[PDB]
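Working notes, beginning with the structure itself.
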Amino acid sequence: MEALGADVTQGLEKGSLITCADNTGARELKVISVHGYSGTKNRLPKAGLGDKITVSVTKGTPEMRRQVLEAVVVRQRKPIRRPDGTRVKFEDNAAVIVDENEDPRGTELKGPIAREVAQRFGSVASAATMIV
Amino acid sequence: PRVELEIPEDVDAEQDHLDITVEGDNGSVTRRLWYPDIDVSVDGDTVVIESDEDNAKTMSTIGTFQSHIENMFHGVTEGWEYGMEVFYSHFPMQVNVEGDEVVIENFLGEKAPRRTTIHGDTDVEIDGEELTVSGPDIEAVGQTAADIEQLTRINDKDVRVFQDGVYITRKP
Amino acid sequence: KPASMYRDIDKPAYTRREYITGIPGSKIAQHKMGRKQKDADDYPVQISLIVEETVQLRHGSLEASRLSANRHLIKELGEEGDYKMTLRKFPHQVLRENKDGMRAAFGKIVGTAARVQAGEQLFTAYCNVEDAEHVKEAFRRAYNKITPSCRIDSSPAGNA
Amino acid sequence: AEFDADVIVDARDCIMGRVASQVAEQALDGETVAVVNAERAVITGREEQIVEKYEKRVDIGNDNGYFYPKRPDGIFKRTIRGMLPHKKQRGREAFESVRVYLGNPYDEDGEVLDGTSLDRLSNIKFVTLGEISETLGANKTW
Amino acid sequence: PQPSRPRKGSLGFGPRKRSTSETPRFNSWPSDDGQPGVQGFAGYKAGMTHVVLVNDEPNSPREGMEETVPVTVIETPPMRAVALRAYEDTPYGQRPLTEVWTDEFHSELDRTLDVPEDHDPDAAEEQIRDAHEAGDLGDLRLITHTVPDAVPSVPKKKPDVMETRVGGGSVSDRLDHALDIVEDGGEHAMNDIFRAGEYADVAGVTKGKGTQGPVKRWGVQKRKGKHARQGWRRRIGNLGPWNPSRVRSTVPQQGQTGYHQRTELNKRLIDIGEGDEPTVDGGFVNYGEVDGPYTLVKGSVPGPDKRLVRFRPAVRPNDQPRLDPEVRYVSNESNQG
RNA sequence: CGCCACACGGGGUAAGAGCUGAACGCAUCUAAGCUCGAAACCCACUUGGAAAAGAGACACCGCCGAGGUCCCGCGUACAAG
RNA sequence: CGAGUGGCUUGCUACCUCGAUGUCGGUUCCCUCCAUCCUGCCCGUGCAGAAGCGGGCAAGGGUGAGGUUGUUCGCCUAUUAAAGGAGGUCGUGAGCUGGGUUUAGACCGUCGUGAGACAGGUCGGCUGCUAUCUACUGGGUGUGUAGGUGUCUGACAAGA
RNA sequence: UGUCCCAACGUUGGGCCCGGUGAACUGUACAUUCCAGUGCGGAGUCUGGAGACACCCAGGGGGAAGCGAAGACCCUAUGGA
RNA sequence: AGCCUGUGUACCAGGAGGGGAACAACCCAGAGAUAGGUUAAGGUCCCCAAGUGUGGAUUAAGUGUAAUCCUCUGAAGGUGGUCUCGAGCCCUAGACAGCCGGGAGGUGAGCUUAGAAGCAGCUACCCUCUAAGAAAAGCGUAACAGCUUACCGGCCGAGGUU
Ligand SMILES: [Cl-]
Ligand SMILES: [Cl-]
Ligand SMILES: [Cl-]
Ligand SMILES: [Cl-]
Ligand SMILES: [Cl-]
Ligand SMILES: [Cl-]
Ligand SMILES: [Cl-]
Ligand SMILES: [K+]
Ligand SMILES: [Mg+2]
Ligand SMILES: [Mg+2]
Ligand SMILES: [Mg+2]
Ligand SMILES: [Mg+2]
Ligand SMILES: [Mg+2]
Ligand SMILES: [Mg+2]
Ligand SMILES: [Mg+2]
Ligand SMILES: [Mg+2]
Ligand SMILES: [Mg+2]
Ligand SMILES: [Mg+2]
Ligand SMILES: [Mg+2]
Ligand SMILES: [Mg+2]
Ligand SMILES: [Mg+2]
Ligand SMILES: [Mg+2]
Ligand SMILES: [Mg+2]
Ligand SMILES: [Mg+2]
Ligand SMILES: [Mg+2]
Ligand SMILES: [Mg+2]
Ligand SMILES: [Mg+2]
Ligand SMILES: [Mg+2]
Ligand SMILES: [Mg+2]
Ligand SMILES: [Mg+2]
Ligand SMILES: [Mg+2]
Ligand code: NA
Ligand code: NA
Ligand code: NA
Ligand code: NA
Ligand code: NA
Ligand code: NA
Ligand code: NA
Ligand code: NA
Ligand code: NA
Ligand code: NA
Ligand code: NA
Ligand code: NA
Ligand code: NA
Ligand code: NA
Ligand code: NA
Ligand code: NA
Ligand code: NA
Ligand SMILES: [Sr+2]
Ligand SMILES: [Sr+2]
Ligand SMILES: [Sr+2]
Ligand SMILES: [Sr+2]
Ligand SMILES: [Sr+2]
Ligand SMILES: [Sr+2]
Ligand SMILES: [Sr+2]
Ligand SMILES: [Sr+2]
Ligand SMILES: [Sr+2]
Ligand SMILES: [Sr+2]
Ligand SMILES: [Sr+2]
Ligand SMILES: [Sr+2]
Ligand SMILES: [Sr+2]
Ligand SMILES: [Sr+2]
Ligand SMILES: [Sr+2]
Ligand SMILES: [Sr+2]
Ligand SMILES: [Sr+2]
Ligand SMILES: [Sr+2]
Ligand SMILES: [Sr+2]
Ligand SMILES: [Sr+2]
Ligand SMILES: [Sr+2]
Ligand SMILES: [Sr+2]
Ligand SMILES: [Sr+2]
Ligand SMILES: [Sr+2]
Ligand SMILES: [Sr+2]
Ligand SMILES: [Sr+2]
């Protein structure tokens, strides 16, 4: 994919439960897979800021629950490093449900997003209120 | 068996060891004719290829040594020439000679230029959509022509649709 | 079952129907083919397929070869072509199989085969000097379905 | 570093195994032998199958080790060792009184041993120790 | 189903034993191109700090922007090219033929060598040039040593000696070039060889860690779950199958880890200067203060502070040179804290 | 869990694409010869390596003294050594 | 229908071992094979392209994470360039585990007059040893080459 | 929630070196082995090659079908309970 | 099956010594001690005693350098790889191949069909000019055209073909 523009220490793994930062009706998401990733023996697949991931809906509306969807990680608690050396970390781990074209399924994003993410998925960005 | 080849008056044939050199007004060509028990030599105004063996394998090479020698006679006088036409459908192909190699550009719209080095003292002349490869050494000349055509070989797609390339039009 | 199991003559002759029961029927549909109403002497050419090694040929193999040979002769000369071919051997040898370890191992009856000594004619065809090559092709296809190597020998035929 | 050889053999265009056999015979008889121009020694057959064999010897090995030589220098010296009981006193003595050289470090020229010569005009299927070494990856120091 | 998995550790850096010379020894040299010139230099590791640079990469989305970059400070005072050794080509590879020495020797070179009192530089030169006439001359190299004394943070005074090849134009020209340097007094500097922004290969003897087990030394797993409480925590499963009935040298075992020579490729030289601009407040931990010739290498360098590190023009650079990077800031903040 | 560094390019081939070419006047990529062509082979690069028994090379110093050991203060080293 | 190769399945034999060579599966760690799943290079196509499908060279590297089940196997899920198969005492208990199998306690179904039995099911149920030799990973002392210091060479060796 | 991803750093007692004390298991012999083969078909000792200068320290245990127990399984005995 | 179970015989068991790499029963050989000599099986380039023996031929695959065998594999099928032998027919009245030239008229045969003219199908398949030349063998065309085969002539010159 397009260079992120920052160094990321993946703070999530297959099975991690995270916040769904949008208004799709999904409240909590579970990580099932990470797009383009291939690990190594005994290694739990990891995902972090900027990665596109397959998710299953753990908490939310009946219609959304249990659905297997694609999403993009927009925030994480583990730090990331920007070109100038500073580390950046968020209050929580969150992702936004996205479709086959990477356009947000929802209509509004909740909470801040990382500039790095916004830049990779512009349509996701063109929905963000705050971009840190 | 023994075969004698009367050398042309335009030509001079000298040979030391297993190498033979032929010179004419069109240049010179040297070759190595080495095979078990086949002696090649210049006896006065004639070249001799002889052997005490006469089995299928020996006879085969004797016949081969001859054509090679007659081809050298021809090349040093009349010379050798292959004609080639450059054909392209959608993307204009730029064919040019640069240094000791012919360079082809925009083949099928490629950014990177395709190229091949010219063998021997072979000469390559292009005029419009026509190329003429010529020289005294049929080996070097023949290969150079072939290399140019090969240089536009495509394996990836259907050739019947994509035919762009430089093809040998006339074979000497 | 592989022919390696029965192609050799490594057992007594086992053919007595009076002491053997349950013998499977043969798969060979015909032994005399072509125009079997006409004599063999009525032909200028006589070509046989000769076996080069002594062996046993199971009926399933005689049928496959004969079939794959007459079939060709039919395809090249027609369902009524002026020719005639003969499979001169019949599968008299009964074969067993021990199908409990080596205890009371005598096998149950599973098939039949014909014993052919090297040099013998398995098949023999009679054709006109025209179809002489169509029969040589039928045999080529026949010896490809039986164990041993074979010689396609041309008996009456000095038209070459 | 100086080797008073009673005999100086010229391996140029000579069948390696045939020379090796005579050099071993002479070393056992007490002769100090120096084989010269090893890189030009010859071996008959398909270059392709000959090389496959020497490449296999190079690839063989394990912790204990199977150190096989790559230079015409050692290839030849090893060829001779396989014809000498190099683990016995008399055998090691013979082997150690034999040396092989790249080119010819002597002023005198070596002699060509009878029966070991190969006629290039009558043979095309043969390879040169030097050619084998280069294929094996040796540094063509000769 | 027994999933695949690469082996633990590389089999290309062994045997994993203690290095014979603490002074690194290059096993390769750059190719001959430009004018003749010494193909290497040396210095002593001091510590690290960071700098802020203006992006150089013309293919980078960030070209022309601030970028923080880690830097290892290496004190690189002048060295003395004390002699010229010539190698001749022989059937058994390259062998030293002779050397051309000088008269002016640093006051303490006698702490390592038996400095020459009676030498003849002309007979030697003669022999060398004769070898070139004959065409049996192999590469040309300079016997070089460092001047530890010029570095206060380093206790030693005994110079460290290494041979450095001289590459360049034609042999006749670089042979002359070599003799020039030597005869003077041999004194040369980091400038004479490298320019800020070029790529160098750095060689050094890594930090020693004495004996360490397979987990640390080879990166094998520790026993897991219940397997970690039975009496085995940091031991591998087995030393091999029933057959072959022997332990292969390829199985990860305990032993010496660290203090091995390593050659790190393509280290970008960020800046070559002199003074105390890179020095750190309070002093580099376990080293001292820098105030003199120095070199800022991008990233890390093998070895502990004070160890002798060697530079060489990169022999396999991946990228083109972008000389004299713009340094907008050099951290001097204390390294304690 | 952080940070840095980890080729391009040569050489010879396989399958394959061809050149010249005869046995077999022609034809033929093959029989002799040749041009190309794989992450594979060799080289490039890194690491070990004078116990390589052909047991190595060079320079200087020294044989009444060069160098070294013990001793002492210490670690860029270290289980003893 | 015919001819073979392997020794991965199963069967057969009873040649070795009953003064004992500790079962299956898993795990950990190492080497290998090719009948190639991916990756490189090719040929054909019912090859426009994109992509399929079939075939050739090729073992350098890779071939991963999860749900049921002791399972091997297999079924299933989301990823992936692909998530190949096989040998090493069905590699690996003087390395680990002890879930299955396979002692003594007990229950069920079936069988048996009964004691008791049943590759039928079920709950519980023990894992000894200070390494002599050899092998290998690292570290020393001597001898040999034959006064000392410093610098090298490079036969061979390892690498993905 | 360090069971795991994926391991790290630290604490105490050992381990290592020194003084003193001071056993046992085990031992047909020889024994520096490795790759193949052969052999009662599962060899450090046979055959062919390869490798191999001697001794010592620490180590984790691949092999000696390692040591420990005249196989508790299976069968046999004109055995026992 | 290095299996099971018979039979005859010699061997191992209980049999050395020589050979077979090693190897109970495959080969030589049955053996008191000691000594000289000659052979046996098997071998004679080196390891290792004896040939780098002679006349001749074949093989280019390192085939092979392996009597026997659990032990040494190699099959059905295929081969213009190469060597040797034989039979038929053609040929200096010029063969085989190649190259050059000619391949022509009635007449686009008749039928079928809107049309089909060598070449959809059906039937016939005849004669002029001539050194040859089909009522056309293979492509080709909507049908023609066009490209070749047969057939004749020339150049060339020695074996060719089955
Ligand atoms: Cl996954
Ligand atoms: Cl090895
Ligand atoms: Cl020996
Ligand atoms: Cl030859
Ligand atoms: Cl574990
Ligand atoms: Cl007797
Ligand atoms: Cl061979
Ligand atoms: K037992
Ligand atoms: Mg696992
Ligand atoms: Mg700090
Ligand atoms: Mg700080
Ligand atoms: Mg038994
Ligand atoms: Mg045991
Ligand atoms: Mg294959
Ligand atoms: Mg396609
Ligand atoms: Mg591999
Ligand atoms: Mg097992
Ligand atoms: Mg074990
Ligand atoms: Mg145990
Ligand atoms: Mg234990
Ligand atoms: Mg249970
Ligand atoms: Mg009870
Ligand atoms: Mg039971
Ligand atoms: Mg249970
Ligand atoms: Mg007992
Ligand atoms: Mg019992
Ligand atoms: Mg009783
Ligand atoms: Mg007995
Ligand atoms: Mg005698
Ligand atoms: Mg002898
Ligand atoms: Mg063979
Ligand atoms: Na040979
Ligand atoms: Na080797
Ligand atoms: Na324990
Ligand atoms: Na075991
Ligand atoms: Na290449
Ligand atoms: Na088989
Ligand atoms: Na591979
Ligand atoms: Na599963
Ligand atoms: Na076992
Ligand atoms: Na196991
Ligand atoms: Na256990
Ligand atoms: Na186990
Ligand atoms: Na812990
Ligand atoms: Na052990
Ligand atoms: Na007897
Ligand atoms: Na013997
Ligand atoms: Na062979
Ligand atoms: Sr039988
Ligand atoms: Sr057959
Ligand atoms: Sr001799
Ligand atoms: Sr396994
Ligand atoms: Sr150095
Ligand atoms: Sr080196
Ligand atoms: Sr335990
Ligand atoms: Sr073993
Ligand atoms: Sr080819
Ligand atoms: Sr030495
Ligand atoms: Sr036992
Ligand atoms: Sr293969
Ligand atoms: Sr592929
Ligand atoms: Sr199993
Ligand atoms: Sr199952
Ligand atoms: Sr079960
Ligand atoms: Sr049960
Ligand atoms: Sr249990
Ligand atoms: Sr000695
Ligand atoms: Sr031995
Ligand atoms: Sr221990
Ligand atoms: Sr001879
Ligand atoms: Sr002969
Ligand atoms: Sr066996
Ligand atoms: Sr056999
Ligand atoms: Sr065959």
Side-chain angles (χ1 to χ4, degrees), chain A residues 9 13-14 32-34 37-41 43-45 54, chain B residues 35 56-57 59-61 63-64 67 138-139 142-143 146-147 150 153 155 158 161, chain C residues 3 60-61 64-65 101-102 144-147, chain D residues 18 21 24-25 45 49 62-67 83-85 99 115 124-125 135 137, chain E residues 3-4 10-15 17 27-28 70 85 93-99 112-114 116 119 143 161 163 208 210-211 221-223 225-227 230 232 235-243 245-256 259 263-267 299-300 304 306-307 316 318:
Chain A
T9 296
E13 327 190 319
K14 185 180 182 74
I32 295 175
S33 296
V34 180
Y37 186 79
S38 177
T40 188
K41 187 190 174 182
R43 176 171 298 176
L44 321 191
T54 288
Chain B
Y35 195 77
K57 288 189 182 180
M59 302 309 247
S60 291
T61 305
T64 292
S67 293
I138 191 168
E139 293 271 310
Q143 253 308 310
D147 288 346
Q150 292 302 92
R153 159 189 180 184
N155 336 299
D158 187 323
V161 177
Chain C
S61 283
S65 66
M102 283 312 297
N144 261 289
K145 296 198 170 178
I146 59 175
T147 294
Chain D
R18 284 176 186 280
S21 177
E25 171 84 307
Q49 85 80 26
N62 44 37
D63 290 342
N64 186 256
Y66 193 97
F67 138 68
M83 287 174 208
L84 293 175
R99 292 195 189 168
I124 263 183
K125 296 188 72 167
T135 294
Chain E
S4 286
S10 174
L11 253 16
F13 296 81
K17 53 174 287 182
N27 85 136
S28 266
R85 169 176 281 175
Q94 307 192 311
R95 296 194 172 177
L97 198 169
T98 33
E99 293 154 45
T112 335
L113 330 166
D114 282 315
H119 178 55
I143 302 297
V161 186
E163 192 174 301
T211 71
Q221 307 193 332
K222 305 199 315 177
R223 300 235 171 165
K226 185 174 295 178
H227 301 306
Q230 313 305 310
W232 295 261
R235 300 181 184 182
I236 66 170
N238 65 269
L239 304 176
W242 195 308
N243 281 302
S245 305
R246 62 200 170 71
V247 178
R248 268 194 258 249
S249 57
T250 53
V251 333
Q253 303 196 63
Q254 154 258 60
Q256 246 294 314
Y259 204 69
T263 294
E264 202 124 334
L265 283 31
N266 306 327
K267 295 303 206 190
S300 49
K306 299 192 187 181
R307 210 191 280 324
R316 50 180 292 183
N318 287 313

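Lettering follows sequence order; numbering is per chain, from 1.
- Using P as the reference atom, G:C76 and F:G2 are 38 Å apart when rounded to the nearest Å.
- Taking atom CD1 on E:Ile236 and atom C1' on G:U27, their separation rounds to 13 Å, with Å as the unit.
- Nucleotide I:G15: unpaired (no Watson-Crick or G-U wobble partner with both distances less than 3.5 Å).
- Using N1 to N3 plus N6-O4 or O6-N4 for Watson-Crick, or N1-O2 and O6-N3 for G-U wobble, each under 3.5 Å, I:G6 pairs with nothing.
- Neighbouring residues I:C12 and I:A13 meet the stacking criterion, with the centres of their six-membered base rings under 5.5 Å apart and the ring planes within 30° of each other.
- Entry note: H:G37 and H:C46 meet the pairing test, Watson-Crick or G-U wobble at under 3.5 angstrom for both distances.
- As the counterpart of G:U68, no nucleotide is assigned, since no Watson-Crick or G-U wobble pattern has both distances under 3.5 Å.
- Using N1 to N3 plus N6-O4 or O6-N4 for Watson-Crick, or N1-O2 and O6-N3 for G-U wobble, each under 3.5 Å, I:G153 pairs with I:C100.
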(Q) Using a 4.0 Å heavy-atom cut-off to protein, can you give one letter per nucleotide of nucleotides 39-50 of chain G, 5' to 3': B if the base is in contact, S if only the sugar-phosphate is, - if neither? (A) ---SS---BSS-
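- Scanning atom types as modelled, no donor and acceptor separated by under 3.5 angstrom connect the side chain of E:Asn243 and the base of G:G91.
- Base orientation of I:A57: anti, since the glycosidic angle falls outside 90° of 0.
- For the pair E:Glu99 CD and F:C60 P, the interatomic distance rounds to 8 Å; values are reported in whole Å.
- Residue D:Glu25 is in sugar-phosphate contact alone, with no base atom involved, counting any heavy-atom pair closer than 4.0 Å across all strands shown.
- Remark: F:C24 base-pairs with no nucleotide; criterion is Watson-Crick or G-U wobble with both hydrogen-bond distances under 3.5 Å.
- Among the atoms of the strands shown, base atoms are found under 4.0 Å from some heavy atom of E:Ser4.
- Picking from G:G91, F:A57, G:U97 the nucleotide with the shortest atom distance to the side chain of E:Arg95 gives F:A57.
- Using the rule of two distances under 3.5 Å, F:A17 and F:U35 count as a Watson-Crick or G-U wobble pair.
- For the criterion of Watson-Crick or G-U wobble pairing, both bonds shorter than 3.5 Å, the nucleotides G:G112 and G:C18 do not count as partners.
- Nearest to the side chain of A:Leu44, among F:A23, F:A22, H:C4, sits H:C4.
- Candidate nucleotides G:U153, G:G2, G:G138 were compared by shortest atom distance to the side chain of C:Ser61, and G:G2 ranks first.
- A negative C1'-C2'-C3'-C4' dihedral is found for the sugar of F:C1, placing it in the south range.
- Donor-acceptor pairing under 3.5 Å, judged by distance alone, is absent between the side chain of E:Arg246 and the base of G:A135.
- As rounded to the nearest Å, G:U27 and G:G124 have P atoms that lie 25 Å from one another.
- Of the two residues near RNA chain I, D:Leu84 and C:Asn144, the one whose nearest nucleotide lies more 5' is D:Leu84.
- For the criterion of Watson-Crick or G-U wobble pairing, both bonds shorter than 3.5 Å, the nucleotides H:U21 and G:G74 do not count as partners.
- Nearest to the side-chain atoms of E:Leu11 among the listed nucleotides F:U46, H:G61, G:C31 stands G:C31.
- Residue side chain B:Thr61 does not reach the base of F:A23 through any donor-acceptor N/O pair under 3.5 Å, judged by distance alone.
- Note on A:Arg43: only backbone sugar-phosphate atoms sit closer than 4.0 angstrom, heavy atoms only; bases stay farther off.
- Straight-line distance from the CZ atom of E:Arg248 to the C1' atom of G:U92: 13 Å, rounded to whole Å.
- Within 4.0 Å (heavy atoms only), E:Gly12 reaches at least one base atom of the nucleic acid.
- At a threshold of 4.0 angstrom between heavy atoms, the contacts of D:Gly45 with the nucleic acid are absent.
- Between G:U92 and I:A150 there is no Watson-Crick or G-U wobble pairing whose two distances both come in under 3.5 Å.
- Here the side chain of E:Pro15 is nearest to one of G:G138, G:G88, G:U137, namely G:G138.
- Taking every side-chain heavy atom of D:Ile124 into account, F:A32 is the closest of G:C12, G:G150, F:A32.
- Base pair annotation for G:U110 with G:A117: paired, by the Watson-Crick or G-U wobble rule (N1-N3 plus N6-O4 or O6-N4, or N1-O2 plus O6-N3, under 3.5 Å).
- Remark: G:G4 does not pair with G:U45, failing the Watson-Crick or G-U wobble criterion at under 3.5 Å for both atom pairs.
- Scanning atom types as modelled, one donor and one acceptor separated by under 3.5 angstrom connect the side chain of E:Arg85 and the base of F:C58.
- Between H:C34 and H:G49 there is a Watson-Crick or G-U wobble pairing whose two distances both come in under 3.5 Å.
- Judged by the 3.5 Å cutoff on both pairing distances, I:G110 and I:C122 qualify as a Watson-Crick or G-U wobble pair.
- Considering only side-chain atoms of E:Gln221, the nucleotide from F:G54, F:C60, H:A7 that sits closest is H:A7.
- Rounded to whole Å, the separation between the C1' atoms of I:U148 and I:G138 comes to 8 Å.
- In this structure, E:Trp242 packs face-to-face on the six-membered ring of G:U89, meeting both the 5.5 Å centre cutoff and the 30° plane limit.
- The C1'-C2'-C3'-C4' torsion of I:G159 is positive, which assigns its sugar to the north, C3'-endo side.
- Note: CG (E:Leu265) to P (F:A44) measures 14 Å, nearest angstrom.
- Taking only side-chain atoms of C:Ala64, from C-beta outward, the nucleotide of G:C1, G:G98, F:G49 with the closest atom is G:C1.
- Atom CG in E:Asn238 sits about 12 Å away from atom P in G:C31, given to the nearest Å.
- Scanning RNA chain I 5' to 3' for nucleotides with an atom closer than 4.0 angstrom to a non-hydrogen atom of chain C gives a first and last hit of I:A1 to I:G78.
- Looking at E:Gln254, its side chain has no donor and acceptor atom pair within 3.5 Å of the base of G:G138.
- With hydrogens and angles left out, the side chain of E:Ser245 and the base of G:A135 share no donor-acceptor pair within 3.5 Å.
- Between G:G26 and G:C96 there is a Watson-Crick or G-U wobble pairing whose two distances both come in under 3.5 Å.
- Here the separation of I:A135 from I:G106, taken at their P atoms, is 14 Å to the nearest Å.
- Here D:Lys125 lies in heavy-atom contact (under 4.0 Å) with sugar-phosphate atoms only.
- Nucleotide F:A59: paired with G:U149 (Watson-Crick or G-U wobble, both distances less than 3.5 Å).
- Of the P atoms belonging to G:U23 and G:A35, the separation is 34 Å, rounded to the nearest Å.
- The base of F:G33 sits with one of its N or O atoms less than 3.5 Å from a complementary donor or acceptor on the side chain of B:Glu139.
- With sequence neighbours excluded, no residue forms a salt bridge (charged side-chain N to carboxylate O under 4.0 Å, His left out) with A:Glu13.
- With H:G51, G:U149, F:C19 as the candidates, the nucleotide lying closest to the side chain of D:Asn64 is H:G51.
- The side chain of E:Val247 approaches G:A135 more closely than any other nucleotide in the set F:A59, G:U137, G:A135.
- With P as the reference atom, G:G55 and G:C136 are 46 Å apart, rounded to whole Å.
- Among the protein residues, D:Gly137 comes within range of the sugar-phosphate backbone only, with heavy atoms under 4.0 Å from sugar or phosphate atoms but none that close to a base.
- At a cut-off of 3.5 angstrom, the base of H:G60 holds at least one donor-acceptor pair with the side chain of E:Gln253.
- G:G26 and G:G93: their P atoms are spaced 13 Å apart (whole Å).
- Remark: F:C3 base-pairs with no nucleotide in the shown strands. Criterion, Watson-Crick or G-U wobble with two distances under 3.5 Å.
- Nearer to the 5' terminus of RNA chain I, by closest-nucleotide assignment, is the contact made by D:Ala24 (compared with the other of D:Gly115 and D:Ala24).
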